[PDB]
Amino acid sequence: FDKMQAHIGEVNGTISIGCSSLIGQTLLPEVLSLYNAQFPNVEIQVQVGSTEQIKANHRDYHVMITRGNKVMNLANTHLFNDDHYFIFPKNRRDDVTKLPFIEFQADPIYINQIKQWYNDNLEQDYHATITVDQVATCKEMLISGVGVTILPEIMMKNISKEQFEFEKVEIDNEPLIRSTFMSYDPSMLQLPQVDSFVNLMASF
């Protein structure tokens, strides 16, 4: 009990984390809650923004968690890959082309991939008839029955399997995926609050 408290107390100081949008909304809060419980003496600083923003501000952070590609001159730990699903009301299989497509703001390489897939699979020109700034707005539009969309798996929690059909997105019989990486200077692992965070996040 003395040594348990000793270790808990021991890990302290500050950790600054930069995290991309989707994971920041869905998984980070849970991780941070667990991290505060296990390591109450460390002060957290967090930014959640687009991958591009976080990568631009890399000097602000001990650790970055981003969707896209590895960051050069840093260690990169692969956390997971995400598949993507075309989602539409189950009751409406046939006339999917007539429903508005809901587009959320994201990396332009990603959007152009989605557009391509739409062209080739609905055999009709892609048009974002509903365009939104925030992913949760996209999800709310979907859930309320207003349209169809494509979401990565991480955003698909609490979407009724009873109400909606899910079609895995593939381009030239290759699943559209995005990888998420945790990136840091390896020497930052000598800080115990950072080492602790990195192993906790990687264990999810």
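Numbering starts at 1 and runs along the sequence shown.
- On average the C-alpha atoms of 6 to 14 have higher B-factors than those of the other stretch, with 6 to 14 and 188 to 196 being the two compared.
- Mean C-alpha B-factor is higher over 171 to 179 than over the other stretch, the pair under comparison being 171 to 179 and 49 to 57.
- Per the deposited coordinates, the residue with the largest Cα temperature factor out of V132, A75, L79, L99 is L99.
- Going by the entry's values, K161 shows the largest Cα B-factor out of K161, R67, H62, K139.
- For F86, the recorded CA temperature factor ranks within the middle third of the chain's modelled residues.
- In the PDB entry, a CA B factor belonging to the highest third of its chain's modelled residues is recorded for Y126.
- Annotation for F104: CA B-factor lies in the lowest third of the chain's modelled residues.
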